[PDB]
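>>> Next input, structure requested:
(chains A, B, C, D, E, F and G)
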Amino acid sequence: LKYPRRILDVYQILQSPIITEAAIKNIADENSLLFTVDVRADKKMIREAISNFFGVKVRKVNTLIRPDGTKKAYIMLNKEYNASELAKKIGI
Amino acid sequence: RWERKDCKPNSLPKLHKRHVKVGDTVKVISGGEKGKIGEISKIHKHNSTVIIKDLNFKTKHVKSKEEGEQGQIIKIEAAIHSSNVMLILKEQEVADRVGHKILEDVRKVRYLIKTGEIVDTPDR
Amino acid sequence: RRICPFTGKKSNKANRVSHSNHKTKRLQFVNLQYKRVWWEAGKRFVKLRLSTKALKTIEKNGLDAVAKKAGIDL
Amino acid sequence: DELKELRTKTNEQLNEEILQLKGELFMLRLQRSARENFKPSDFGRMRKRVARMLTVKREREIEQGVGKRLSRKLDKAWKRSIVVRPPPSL
RNA sequence: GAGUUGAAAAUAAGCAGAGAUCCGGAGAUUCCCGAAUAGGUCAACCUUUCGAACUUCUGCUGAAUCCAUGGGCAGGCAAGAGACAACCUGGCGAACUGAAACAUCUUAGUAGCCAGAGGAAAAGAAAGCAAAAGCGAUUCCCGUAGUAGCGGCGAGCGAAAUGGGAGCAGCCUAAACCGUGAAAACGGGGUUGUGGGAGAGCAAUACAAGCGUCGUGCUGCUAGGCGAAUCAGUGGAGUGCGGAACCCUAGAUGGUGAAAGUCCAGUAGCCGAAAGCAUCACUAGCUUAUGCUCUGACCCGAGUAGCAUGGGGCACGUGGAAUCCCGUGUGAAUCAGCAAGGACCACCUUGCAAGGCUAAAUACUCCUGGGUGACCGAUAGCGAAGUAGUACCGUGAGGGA
RNA sequence: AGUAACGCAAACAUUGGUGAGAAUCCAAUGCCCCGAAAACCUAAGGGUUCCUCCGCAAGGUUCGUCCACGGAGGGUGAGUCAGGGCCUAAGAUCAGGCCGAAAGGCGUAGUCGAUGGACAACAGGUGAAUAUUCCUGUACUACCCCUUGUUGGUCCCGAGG
RNA sequence: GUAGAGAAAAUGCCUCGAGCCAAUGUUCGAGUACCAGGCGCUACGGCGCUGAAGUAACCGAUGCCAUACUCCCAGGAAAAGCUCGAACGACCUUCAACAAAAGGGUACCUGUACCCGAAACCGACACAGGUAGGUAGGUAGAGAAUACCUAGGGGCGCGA
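Numbering: from 1, shown residues only, chains lettered A, B, ... in the order given. The coordinates are given below.
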């Protein structure tokens, strides 16, 4: 059997995007975009929940904790997909 | 103002049982604005107070805008207590108490205890 | 513990008295000594920690009824 | 507004509808973050309806007759394999 | 039965006279830590073969060792762990103090510490008190009584019996004997005291009472419902005052601009439960079971009682020191007996230890639901009427507004 | 009592700017100080003090337009760096085992336990707050797939290191 | 290579190998980078285009070789990773397992700000005190003392 490290309610593993101006800097400059996830999350569970719900090959998943408690995730997509054409569809 | 906040048994506020519904014609019994009829507008169950139309006059001053313009003076009603009002039928002009008649159907309706008509309004 | 499993003999809280009636505590306890007694239902020695009164039972009454009186044999 | 249809639907379409309403709830989180015009009441009855769905599913766990910890092992034995899928509203 | 999405306003959208919000009964979820329990852990995390780990129970396989034991594997809604203010029981157990010092003694078997357990616990059904008269398990209260005593006869400690009340309830088991098995057990019998039981024989049948998933019964509780009777004048406001009326099976209370029988919520009274719990009363049913005569043989709880010692505790400090329980060592008798009646002996009286279980009266408050208060009113009353065991201090125990 | 003091005797001065208000905030020019630091980075600790804007009620031993202060928002990106997914020392906990009024004491296997042993990334740029972490270049680890052979392989055990 | 119960190892015997070891070094990485300068506007805070030489020698490290040698007694951790290997023991077996050769794919949690010879840590203070470790420029000097300075950072939060 292929167990994950922790079973963590995968339709709630992502919470909200970040709409700061530096996030748009990461879109136009990095082909990346910014999500807010819960602390109980992975570079294997978030990375699977982007290539399925969105339909995009994700390059890397750079995560960090934020001292108010919640977790911040810079997800960088592949070169084949612009983050600007996939972020205006959501509302960025 | 902690001396006047709502009491909360099991996180929900204790709501009072009263005798005035919306759309009723109340009379002010004693306090202040004595002896004038009126509809009620908005209801406040925790204070047991009721705001009624076009009688209680509280001329309040409001800073209107954020640009500092026109600063309007708005004349707004306040809360008179629910024990200071009675109900009124427009056929017999007399302020009367309440009563709960159980009619032929299952429903139980209000009743002016001195006259013979029903306070209770249908679905419209 | 300083108890015998067969007969429930424990220590005795019993003061000692000098000539001028001074009393210390002197916890007084039984001679429950190490032995290794033969067992007829297995024809073999068991290693036990027996008080001497319990020794007089297992030689007088036999080890079977004494060990079933305590409840334990293995 | 009575939800009479939930005790009519079988367990597979029940569970698929749970996953669809959770996905629509995540779309309501994206539309709430996007500041597009949204209904917060739908954000209420979405999760509030998934509560109805899991009460009916858990009653169906009850009338077979199994333990609470067997429902823990069965439920967590199911939650480990949920491939994410977007809702059919496109 | 009419508005709601807590405090807590505002804003955006809802939910609702095919009955929302809310209340009550029974259920569901309950991330992570914490008995914490898959393993580790620096609690609320990490690693995961996603696991009730360990002990106990059941089942299989069954080491040194033949039977065993240990181990391993498995099952299991799976019994225990952990928490609990005070009371209760069991064990360790002081010292300051009092004696005008202090060691015997007291404080004190109190505090404290550990363990356990219930709404009560312990004890409890006479090997008992008593005195020639009598009582009939245990517990608690008043009393005897500050008496008899005990005590460097100092300081102090201090019963018990007779009497009066609360509450009452008594039952299972071993042995002698029959039957099955190598014992060990099992099934019948018997469990009592101015003695029974076993063995042998004769009679004789049903009155009364005890226990109880199960469901109809009753009241009570956890939501509630109806519920009597007035206006007007007065300096902000009237419930107060003055004038006119009424209710009362309701004049308890709280509020309402201001103090209320007639304004509201209510109250007196009458009602009301789908669901759960509790109270006693039914029920298929299990049970208790009887009387006489002969028979001193057989039995009536053994390393036990007693004794020599070392003690402890009974108010009794080793004293004439009995009763009760233990440490070492010795070590009985079965009813024609044994133990107690304050060393001990003789007679009489009383009871039958060395096997267990029991409700009530009883002690207390972390509390809960009612009713009160010659109790407080922000230096008071709980430490705490707001963030209260909070800010703050300490490494921590802890202190603390 | 409006008294001592205002926390080294490195030392500031002027011109402009901002404002209602400037010895103190900013900018420039000189002057002066540390320079095995009074420089830069990381271990511990602290916990948001870091950055933009706003404010000057309290704090700053003066003032203040400034602030490690108050309010709102943001910021900490790792296969390679440091720990864990590896290992053990001191030490701790110790299954069974011995002991002990209780609690627990001793002690073996085992398991934790870095201050050590093992293991793979450097240079330039970006940037109000991040850089061996983000971008670009060249690399290196640990597994899978793609081609040749092998029927045995993994772990425990024996040894070198 | 053998020999003994002897797979590896260890010990004993025999044989082949004159070289070996490691900092440093040349090239690629690596220049259509960086860089002095000039060229055009200032929100005058900087951006924009172009770009020369980029070598040699003397000193010389407390850094490497280097757990390299010499000397001494006071005699200098453990286990895993790694490498080699028979029997015994548990499991899986053929397109399964093992060992490589190029080429692609994949990349586990926590810490990452800021102060850290301190105004933010510890001394109740924005306290003349304390705090492990790393980098060690020039001149005069034996020197990490000292005196003055580059980089970088300040003028010590009352003044007259």
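>>> what about residue B:20, distance to chain D?
Plainly put, residue B:20 is 29 Å away from chain D if you go by Cβ to the nearest Cβ, to the nearest Å. No exception for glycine: its C-beta is placed from N, CA and C like everyone else's.
>>> swap in residue B:118?
On the measure of Cβ to the nearest Cβ, residue B:118 and chain D end up 30 Å apart.
>>> That residue - nearest residue in space that isn't next to it in sequence?
Excluding the flanking residues, the one nearest residue B:118 by Cβ to Cβ, 6 or more residues apart in numbering or on different chains is residue B:109, at 5.2 Å.
>>> Name the strands paired with the helix or strand encompassing the one you found and say parallel or antiparallel.
Assigned by DSSP states H and E, residue B:109 belongs to strand B:108-110. Under the criterion DSSP bridges, strand B:108-110 sits next to strand B:100-102 (antiparallel) in its sheet.
>>> rewinding a little: what is the distance between the strand holding residue B:109 and the centre of its chain?
Using Cα atoms, centre = their mean, to the nearest Å, the mean C-alpha position of strand B:108-110 is found 18 Å from that of the whole chain.
>>> got it, and stretch A:1-8?
On Cα atoms, centre = their mean, the centre of stretch A:1-8 falls 20 Å from that of its chain.
>>> which of the residues in it are buried?
Of the residues in stretch A:1-8, A:7, A:8 count as buried by neighbour count, 16 or more other Cβ atoms under 10 Å in any protein chain shown.
>>> okay, that stretch in PDB with CA atoms only?
C-alpha atoms of stretch A:1-8 as PDB (Å, rounded to 0.1, in the frame of the first residue of the first chain):
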ATOM      1  CA  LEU A   1       0.000   0.000   0.000                       C
ATOM      2  CA  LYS A   2       1.100   3.600  -0.800                       C
ATOM      3  CA  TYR A   3       0.400   5.600   2.400                       C
ATOM      4  CA  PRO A   4       1.000   9.400   2.600                       C
ATOM      5  CA  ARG A   5       2.600  10.800   5.700                       C
ATOM      6  CA  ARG A   6      -0.800  12.000   6.900                       C
ATOM      7  CA  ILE A   7      -4.400  11.800   5.700                       C
ATOM      8  CA  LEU A   8      -5.400  15.500   5.700                       C
END
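>>> quick one: is it near RNA strand E?
Yes: using Cβ under 7 Å from any atom of the strand, stretch A:1-8 reaches RNA strand E at A:1, A:3, A:4, A:5, A:6, A:7.
>>> Of the residues you listed, which ones also sit close to RNA strand G?
Near RNA strand G, by the rule Cβ under 7 Å from any atom of the strand, you find residue A:5 out of the residues of stretch A:1-8 next to RNA strand E.
>>> May I ask which two of the residues of stretch A:1-8 next to RNA strand E are separated the most?
Pairwise distances across these peak at 14.8 Å for A:1 and A:6 (criterion: Cβ to Cβ).
>>> residue ranges of the strands in chain A, please?
Secondary structure of chain A (DSSP state E): strands at A:14-17, A:32-37, A:58-65, A:71-77.
>>> Which one of those lies nearest to residue C:36?
Across the strands of chain A, residue C:36 has its closest neighbour in strand A:58-65 (65.3 Å, Cβ to Cβ).
>>> Show me what that closest one is packed against.
Counting contacts by 3 or more Cβ pairs under 8 Å, 6 or more residues apart in numbering or on different chains; DSSP states H and E, strand A:58-65 packs against helix A:45-48, strand A:71-77.
>>> Name the helix or strand for residue B:42, please.
strand B:37-44.
>>> so what strands line up beside the very next helix or strand once past that strand?
Using DSSP H and E, the helix or strand that follows strand B:37-44 in sequence is strand B:49-52. Here strand B:49-52 is paired, per DSSP bridges, with strand B:37-44 (antiparallel), strand B:80-81 (antiparallel).
>>> In a markdown table, list the ones you listed along with distance to residue D:26.
Formatted as a markdown table, those follow (distance: least, Cβ to Cβ, whole Å):
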| stretch | distance to residue D:26 |
| --- | --- |
| strand B:37-44 | 38 |
| strand B:80-81 | 49 |
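>>> Give me whichever of those is most buried.
Highest mean neighbour count of these: strand B:80-81, a mean of 18 (counted as mean count of other Cβ atoms under 10 Å in any protein chain shown).
>>> hang on, the earlier thing: quick check: which of the residues of stretch A:1-8 next to RNA strand E are also close to chain D?
Among these, proximity to chain D is found for A:3, A:4, A:7 (Cβ under 8 Å from any Cβ of the partner chain).
>>> Next, the contact list for the first one, please.
Residue A:3 is in contact with residue D:80, counting by Cβ atoms under 8 Å, 6 or more residues apart in numbering or on different chains.
>>> What separation do you get for it and residue D:71?
Distance, residue A:3 to residue D:71, by Cβ to Cβ, to the nearest Å: 20 Å.
>>> which residue does chain C bring closest to chain A?
residue C:74 (42.7 Å; Cβ to the nearest Cβ).
>>> Any residues of chain D in contact with RNA strand G? List them.
That would be none, as no residue of chain D is within reach of RNA strand G (Cβ under 7 Å from any atom of the strand).
>>> for the closest residue in space to residue B:36 that isn't next to it in sequence, what are its contacts?
The shortest distance from residue B:36 to any non-neighbouring residue, by Cβ to Cβ, 6+ apart, is to residue B:55 (5.6 Å). Contacts for residue B:55 (Cβ under 8 Å, 6+ apart) come out as B:28, B:33, B:36, B:38, B:77.
>>> Run through the helices of chain D in chain order.
Taking DSSP state H as the test, the helices found in chain D are D:11-33, D:40-62, D:68-79.
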